[PDB]
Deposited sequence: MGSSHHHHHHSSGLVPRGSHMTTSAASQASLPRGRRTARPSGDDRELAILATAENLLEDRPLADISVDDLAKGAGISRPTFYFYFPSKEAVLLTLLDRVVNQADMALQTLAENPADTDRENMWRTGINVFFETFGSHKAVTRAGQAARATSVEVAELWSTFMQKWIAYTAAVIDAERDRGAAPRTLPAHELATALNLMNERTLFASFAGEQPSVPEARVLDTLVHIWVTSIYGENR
């Protein structure tokens, strides 16, 4: 919880500016500790972002697990995509920074990669179940369809949350993604 202070301060500062405009001394100051005391909890400012990102991706992941262990088909996909929209949506600054650091950082890249593989494998399993019960047609291989849908969400939510041009406005992005998932999963 000097640790938690450092994490909270880094998330607050990331609202204002990028990681590379945040100094260790910045983080230390905000957390009420000295610089060498900072280095006791974290090896670097990049390690702090990694930890923040790790907690955010694990929060989406635990929320999706919760949903899984339990409405119409459209509403089912909408409630699952909404886990990602609300979770990353509630941590935009960390989302944007972890987005950027995937270039910068092999560790940020592998964390992102492991969780995307997990969410894709879970989307493919649900598509397969829908196909085994006769509710969805056997069109594309489920895992390939899942990979594209998941990558679409990653890129489109990142764009909306960053205010990119072009982007879907944040107020319309959930409905946009759900329409594309549902038509592509159930459509022939």
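- Coordinate coverage of the deposited sequence breaks at 1-43, 114-116, 235-236, these segments carrying no C-alpha atoms.
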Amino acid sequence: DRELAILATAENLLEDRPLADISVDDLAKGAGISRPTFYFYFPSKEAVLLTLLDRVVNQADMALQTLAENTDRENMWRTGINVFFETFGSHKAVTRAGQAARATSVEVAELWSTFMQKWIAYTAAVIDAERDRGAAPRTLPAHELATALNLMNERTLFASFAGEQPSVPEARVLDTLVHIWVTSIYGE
From here on, numbers count along this sequence of modelled residues.
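- Look at the mean CA B-factor for 71-79 and for 99-107 in the entry; the higher one is 99-107.
- When the C-alpha B-factors of 25-33 and 57-65 are averaged, 25-33 comes out higher.
- Remark: of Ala171, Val178, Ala10, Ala20, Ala20 shows the highest value [criterion: C-alpha B-factor in the PDB entry].
- The PDB entry assigns its highest CA temperature factor, among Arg155, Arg133, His143, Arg138, to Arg133.
- In the PDB entry, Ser44 places in the highest third of its chain by CA B-factor.
- For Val182, the recorded CA temperature factor ranks within the lowest third of the chain's modelled residues.
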